[PDB]
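Participant: As a preliminary step, the opening chains of the complex are given here in situ:
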Amino acid sequence: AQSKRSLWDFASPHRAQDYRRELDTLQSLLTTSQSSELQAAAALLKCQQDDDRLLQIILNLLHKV
Amino acid sequence: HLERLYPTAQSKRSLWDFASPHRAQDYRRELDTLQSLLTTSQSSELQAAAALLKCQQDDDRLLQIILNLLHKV
Amino acid sequence: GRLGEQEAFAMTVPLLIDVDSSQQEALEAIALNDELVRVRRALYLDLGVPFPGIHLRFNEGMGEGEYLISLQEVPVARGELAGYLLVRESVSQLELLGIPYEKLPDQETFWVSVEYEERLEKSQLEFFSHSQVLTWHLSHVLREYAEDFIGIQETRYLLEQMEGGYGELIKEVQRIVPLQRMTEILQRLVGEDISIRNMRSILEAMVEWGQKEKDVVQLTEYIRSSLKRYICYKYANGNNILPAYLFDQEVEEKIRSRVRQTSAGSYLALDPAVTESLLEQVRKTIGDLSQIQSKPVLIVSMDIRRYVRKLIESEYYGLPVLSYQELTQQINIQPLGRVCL
Amino acid sequence: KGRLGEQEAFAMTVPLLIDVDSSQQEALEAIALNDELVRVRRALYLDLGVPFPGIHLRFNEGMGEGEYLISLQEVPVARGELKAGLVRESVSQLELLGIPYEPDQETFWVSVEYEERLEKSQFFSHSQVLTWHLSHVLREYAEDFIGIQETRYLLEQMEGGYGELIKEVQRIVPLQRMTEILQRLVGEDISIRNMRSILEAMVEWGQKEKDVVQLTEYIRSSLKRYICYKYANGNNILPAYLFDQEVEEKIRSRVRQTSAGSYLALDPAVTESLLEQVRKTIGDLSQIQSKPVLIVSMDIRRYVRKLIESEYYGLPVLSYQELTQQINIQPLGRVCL
């Protein structure tokens, strides 16, 4: 309801090709660190890094003409 | 008409107008003369210029071969 | 109203512009009804695409400076124009720090107050007002989404408008190619920023080459090659000078090896790694030169020209791709660099 | 006017446009500016027969003072700034050094006070230079003025004259092939004006040949006396640069009639060598006069022409079949291999 929307508004805080190698830099930064929290973050980032590698390969194989 | 609504960066236009200063076969002729003139030289700057001219002289030789192979009637 | 009437069907508006309120009468009487037609007319004269009517509405539900442009009731360009009393600048740089004043799909945008307008116009910089920024966004939307304005109805209207001019030419081109192929050809032409305006040569090329080729790609390549002098004037700068980034034979052969004309599509899928390597080679040779001028064009073999363009459309949306046949004579093509393998 | 509900208010592009600078709206036009253009267009049509379109003349103040541009279908094809404001001369040479001193011609500019004395020496005015550029544009771009509509208009204009001839030629060959043949004929500066013989040749040879190149070669051969008179100003004397049998066979070896294109693609080195031999024999043609013509076998004539069109755009190419009798063919030199 309205209260749930207020919860989401409380949680609420560039675009398009801003998504670049910033992810890769952060993943390699956190890979060095020995903190367990940063290690979990790095593994999550690697997961998304490879799901993105799979979707880029699928888009390259399909494309359009 | 030709989307003439953007002044296109007046400072850049003044730069290009300051920088602002043709034929068909005179170009290839000047290329060959300049490349053979600069080959005799000895300066490093003239050596880089000569290598650039040879580069364009042979990219043009490749495009001339492509144009010769392609044709109409 | 009645609960027995079926639905009262109504068609979706093709083009809609929804801007915030408090500019219903604060903005009115300052262009907004002549500027829009002016920019649409200029873009049509430059291209020839029959753009539709523009519906302008003032909505109070949104904020104060939010404008959205939607094609067929789906928003395609939103933005909050800052804007109320801050006019924008597109060439903002450290020069804008040199003249110290307070400081989007457009270029680098920074907003300055109207009290600074006099001293900054003494420097003769960009002063896009509300009308100017709105029409700039409208022009960009129309240019990048013109393919959606070329339907069967639009092409039929174009043919009917030219019936008095060239009757037998239209009757011949209709008997040679159907409306669907002709409209697809026009859409492909506009997708490459090639103007439809000169319809006579387009129809003559359609007549000449529609009897020989049935594939859409080859036919549209022939129609492009029929516009040699138009393409030369549009892309070449200076005198008879055309900047080029010609491709090596090995790279052209590698690209051509995977045309894949299987289902009348002919999609170019070679290998993701191989295309990545080729794009890396193109980036290493060509470079970036985005800040630079003169619009260099890539020149490649005609049979693969389109296939090359969509290969580099992702990164180099600027750089056009041209065919050797599309080049007219008396042109001094200067090779800026060969894309090696 | 265009409301924001009107679709586009479509308007067709002008075929031919000439945009000249302002300050000559009333400073110029003293001579004709509106009669000279039609005069030169009519003369060029009588020479060729191509139905040139209407010419739109506009004075634009956004440009300089002596800038004139000629554009075909709103695409500029010949731009230039005349410096007369100072009439020009096309036969300028070192003779101009022994006289008051200072396109594709020797273009030097002289003042109007010298006009009397230069006329004692023995003159392109503003109208003359504008019409000279217009004439060059029309002659070198006449193929773009021959469309399906233009050929249909020509046929409809001659219906009263030769009805059965037109009805037969229409039933024998289509409009597209006929228009392409007419454009190919005009590309060699062959006049369409004499339409009767062209239509008769089309009727006679359209049932036998379907390839455009061979059919247009036959139609060219149907104009033997016209070609002979056009290229032989003397008394049955025709300068020739005849081809050797070996060169003709080598050229014919790569006709490549695969996709109704008929492209002549030899090895680039082979074409370079043949062009070098032709250049060595013929020469530079700069100091050559009387308009010598190359004569070669008919079946490859066009194939030779487009081979030498890049360098010797002047020198025409003719077929042996196109040669009528009572001609003294004088061989200026054989193109050896």
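Facilitator: Sure, I can see it. Numbers count the residues shown, from 1 in each chain, chains lettered A, B, ... in the order given.

Participant: Could you measure from residue C:243 over to residue C:289?
Facilitator: 10 Å (C-beta to C-beta, to the nearest Å). Where you see a C-beta, it was placed from the backbone N, CA and C, and this is true even at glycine.

Participant: next one: residue A:65
Facilitator: In terms of C-beta to C-beta, residue A:65 sits 28 Å off from residue C:289.

Participant: And residue C:235, by the same measure?
Facilitator: The spacing between residue C:235 and residue C:289, counted by C-beta to C-beta, is 16 Å.

Participant: Name the residue in the two with the higher neighbour count.
Facilitator: residue C:235 (20 against 12; other C-beta atoms under 10 Å in any protein chain shown).

Participant: close enough to count as contact, the more buried one and residue C:244?
Facilitator: No: look at residue C:235 against residue C:244 with C-beta atoms under 8 Å: they stay out of range, at 10.0 Å.

Participant: Overlap of the contact sets of those two?
Facilitator: residue C:297 (C-beta atoms under 8 Å, 6 or more residues apart in numbering or on different chains).

Participant: next one: phi and psi at the residue in the stretch 201-341 of chain C that chain B sits nearest to?
Facilitator: Closest residue of the stretch 201-341 of chain C to chain B, C-beta to the nearest C-beta: residue C:335 (3.7 Å). Torsion angles at residue C:335 (phi, psi; degrees, to the nearest 10) stand at phi -80, psi 110.

Participant: who's in contact with it?
Facilitator: B:56, B:59, B:60, B:63, C:244, C:245, C:246.

Participant: ok, the third one - how many residues close by?
Facilitator: Burial of residue B:60, expressed as a neighbour count using other C-beta under 10 Å, amounts to 19.

Participant: again, but for the second one
Facilitator: For residue B:59, the tally of surrounding residues (other C-beta under 10 Å) stands at 19.

Participant: My read is that it contacts residue C:338, right?
Facilitator: Yes: in this structure, residue B:59 is within contact of residue C:338 by C-beta under 8 Å, at 5.4 Å.

Participant: what sits in contact with each of the two?
Facilitator: Joint contacts of residue B:59 and residue C:338 (C-beta under 8 Å, 6+ apart) are residue C:246.

Participant: Return the nearest residue of chain A with respect to chain B.
Facilitator: residue A:16 (22.3 Å).

Participant: Report the contact partners of that residue.
Facilitator: Applying C-beta under 8 Å, 6+ apart, no residues contact residue A:16.

Participant: And the residue of the stretch 201-341 of chain C closest to chain B, how close does it get to chain A?
Facilitator: Noted for residue C:335: a distance of 28 Å to chain A, by C-beta to the nearest C-beta, to the nearest Å.

Participant: Provide the secondary structure category for the residue nearest to that residue when sequence neighbours are not counted.
Facilitator: Of all residues not flanking residue C:335 in the chain, residue B:59 sits nearest, at 3.7 Å (C-beta to C-beta, 6 or more residues apart in numbering or on different chains). The three-state assignment at residue B:59 reads helix, by DSSP: H, G, I helix; E, B strand; the rest coil.

Participant: let's put chain E on the structure above:
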Amino acid sequence: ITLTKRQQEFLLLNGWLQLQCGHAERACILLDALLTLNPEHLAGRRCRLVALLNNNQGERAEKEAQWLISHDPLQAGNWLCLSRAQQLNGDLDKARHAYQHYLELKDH
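Facilitator: This next block brings in chain E, placed alongside the chains you saw above:
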């Protein structure tokens, strides 16, 4: 040493294209060779000023703009090159002065 002929214009045209087609280093090399052979030419230095500005060589652009300012008379675009080059190196005040001088001269 050497000679100029019409060739000197070729170096300009190629250099101009190299500047306008994202090859600042190539344009700089061509115009430096031209000036090292024939230093008397002036348009080549005008092109190389913009080439040096686009190449990010502030000191060289400032020196060339100083030469042209001391040899090219008024109304020249020699005060933009100075402004752009020096503002890349710092010293924003002299860039402001050059810009104000350019604005004052362009009113004519």
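
Participant: My guess is residue C:319 contacts residue C:299. True?
Facilitator: No: shown here, residue C:319 and residue C:299 do not form a contact pair, counting by C-beta under 8 Å, at 10.8 Å.

Participant: More neighbours: the two, which one.
Facilitator: Higher neighbour count among residue C:319 and residue C:299: residue C:299, with 26 against 18, using other C-beta under 10 Å.

Participant: Please determine how far that one is located from residue C:247.
Facilitator: Taken as C-beta to C-beta, the span from residue C:299 to residue C:247 is 8 Å.

Participant: for residue C:70, same thing?
Facilitator: Residue C:70 is 40 Å from residue C:247, by C-beta to C-beta.

Participant: More neighbours: which of those two?
Facilitator: More crowded of residue C:70 and residue C:247, by other C-beta under 10 Å: residue C:247, with 26 against 19.

Participant: Neighbours of the closest residue to residue C:68 other than its chain neighbours, how many?
Facilitator: Distances taken as C-beta to C-beta, 6+ apart place residue C:78 nearest to residue C:68, at 4.3 Å, with adjacent residues excluded. Burial of residue C:78 is recorded as 13 neighbouring residues (other C-beta under 10 Å).

Participant: mind listing what residue C:78 touches?
Facilitator: C:66, C:67, C:68, C:69.

Participant: The second one against residue C:17, yeah?
Facilitator: Yes: taking C-beta under 8 Å as the contact criterion, residue C:67 and residue C:17 are neighbours in contact, 6.8 Å apart.

Participant: so how far is stretch C:202-212 from its chain's centroid?
Facilitator: Centroid separation between stretch C:202-212 and its chain, computed with C-alpha atoms, centre = their mean, to the nearest Å, is 24 Å.

Participant: buried ones in it?
Facilitator: C:202, C:203, C:204, C:205, C:206, C:207, C:208, C:209, C:210 (16 or more other C-beta atoms under 10 Å in any protein chain shown).

Participant: give the contact list for the first one.
Facilitator: Residues counted as contacts of residue C:202 (C-beta under 8 Å, 6+ apart) are C:186, C:189, C:196, C:223, C:226, C:227.

Participant: just the residues you listed now: which is nearest chain D?
Facilitator: Nearest member of the contacts of residue C:202 to chain D, counting by C-beta to the nearest C-beta, is residue C:227, at 8.9 Å.

Participant: What number of residues are in the vicinity of the closest one?
Facilitator: There are 22 residues near residue C:227, going by other C-beta under 10 Å.

Participant: Do I have it right that it meets residue C:201?
Facilitator: Yes: Residue C:227 lies in contact with residue C:201 (C-beta under 8 Å); the separation is 6.4 Å.

Participant: can you redo the contacts of residue C:78 as CSV with neighbour count?
Facilitator: CSV is the format used below for these (neighbours: other C-beta atoms under 10 Å in any protein chain shown):
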residue, neighbour count
C:66, 16
C:67, 21
C:68, 18
C:69, 22
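
Participant: please slot chain F in as well:
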Amino acid sequence: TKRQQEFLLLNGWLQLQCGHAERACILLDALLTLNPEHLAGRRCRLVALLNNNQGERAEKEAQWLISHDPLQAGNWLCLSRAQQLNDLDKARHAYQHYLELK
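Facilitator: The block that follows adds chain F to the chains above:
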């Protein structure tokens, strides 16, 4: 981590918006351990903990935001929710405080 921190904030917000909330919790915990000044990450992870049913930690984080950022009335919903996950009377008191602030 001046821009990168914004990438982390956006990723955490999107993960919260897409039902996981565990990934958002770990990302925002890493963000706070690196940059603690950017309290927006804690603001998001509070709701993430509420949706994760970890009200014991959520109460402490909501107390931090309440005692350090009294510029948000929403700091009194999360605490209430947290205590409602674990204390109904104190939840009513927090809700009434939020009503007083709004």
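
Participant: Go back to the neighbour count of residue B:60, now with chain F?
Facilitator: The burial count for residue B:60: 19, using other C-beta under 10 Å.

Participant: State the distance from it to chain E.
Facilitator: As for residue B:60, its distance to chain E is 12 Å (criterion: C-beta to the nearest C-beta).

Participant: in chain E, which spans are helices?
Facilitator: Secondary structure of chain E (DSSP state H): helices at E:7-20, E:24-37, E:43-55, E:58-71, E:78-89, E:92-106.

Participant: Would you indicate which residues of the fourth one are buried?
Facilitator: To tie it back to what came earlier, the one meant is helix E:58-71. Per 16+ other C-beta under 10 Å, helix E:58-71 contains these buried residues: E:58, E:60, E:61, E:62, E:64, E:65, E:68, E:69.

Participant: same question, the longest one
Facilitator: Within helix E:92-106, the residues scored as buried using 16+ other C-beta under 10 Å are E:95, E:96, E:98, E:99, E:102.

Participant: Now do the contacts for the second one.
Facilitator: Residue E:96 sits next to C:98, C:99, E:83 when contact means C-beta under 8 Å, 6+ apart.

Participant: wait, what's in contact with residue 63?
Facilitator: Picking chain A for this. Here residue A:63 is in contact with C:267, C:268, C:269, C:310 (C-beta under 8 Å, 6+ apart).

Participant: my bad, chain C
Facilitator: Residue C:63 neighbours (C-beta under 8 Å, 6+ apart): C:20, C:80.

Participant: Look up how far chain E lies from it.
Facilitator: Counting by C-beta to the nearest C-beta - residue C:63 and chain E are separated by 37 Å.

Participant: how near is that residue to chain F?
Facilitator: Distance, residue C:63 to chain F, using C-beta to the nearest C-beta: 21 Å.

Participant: returning to what we had before: can you redo the contacts of residue E:96 as CSV with neighbour count?
Facilitator: CSV is the format used below for these (neighbours: other C-beta under 10 Å):
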residue, neighbour count
C:98, 17
C:99, 16
E:83, 25
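
Participant: CA-only coordinates of stretch C:85-103 in PDB, if you can.
Facilitator: Only the C-alpha atoms of stretch C:85-103 are listed here, as PDB (Å, rounded to 0.1, in the frame of the first residue of the first chain):
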ATOM      1  CA  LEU C  85      16.100  30.600 -16.000                       C
ATOM      2  CA  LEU C  86      19.400  28.900 -17.000                       C
ATOM      3  CA  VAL C  87      20.100  28.700 -20.700                       C
ATOM      4  CA  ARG C  88      22.400  25.900 -21.800                       C
ATOM      5  CA  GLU C  89      25.800  25.800 -23.500                       C
ATOM      6  CA  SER C  90      27.000  22.900 -25.600                       C
ATOM      7  CA  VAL C  91      30.700  23.800 -25.900                       C
ATOM      8  CA  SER C  92      31.300  24.200 -22.200                       C
ATOM      9  CA  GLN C  93      34.900  23.500 -21.400                       C
ATOM     10  CA  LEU C  94      37.800  25.100 -19.500                       C
ATOM     11  CA  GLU C  95      37.100  28.100 -21.600                       C
ATOM     12  CA  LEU C  96      33.800  28.500 -19.600                       C
ATOM     13  CA  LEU C  97      36.100  28.500 -16.600                       C
ATOM     14  CA  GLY C  98      38.100  31.200 -18.300                       C
ATOM     15  CA  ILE C  99      35.000  33.300 -18.400                       C
ATOM     16  CA  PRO C 100      33.900  32.400 -14.800                       C
ATOM     17  CA  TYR C 101      30.100  31.700 -14.700                       C
ATOM     18  CA  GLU C 102      28.000  29.100 -12.900                       C
ATOM     19  CA  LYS C 103      27.700  26.000 -15.000                       C
END
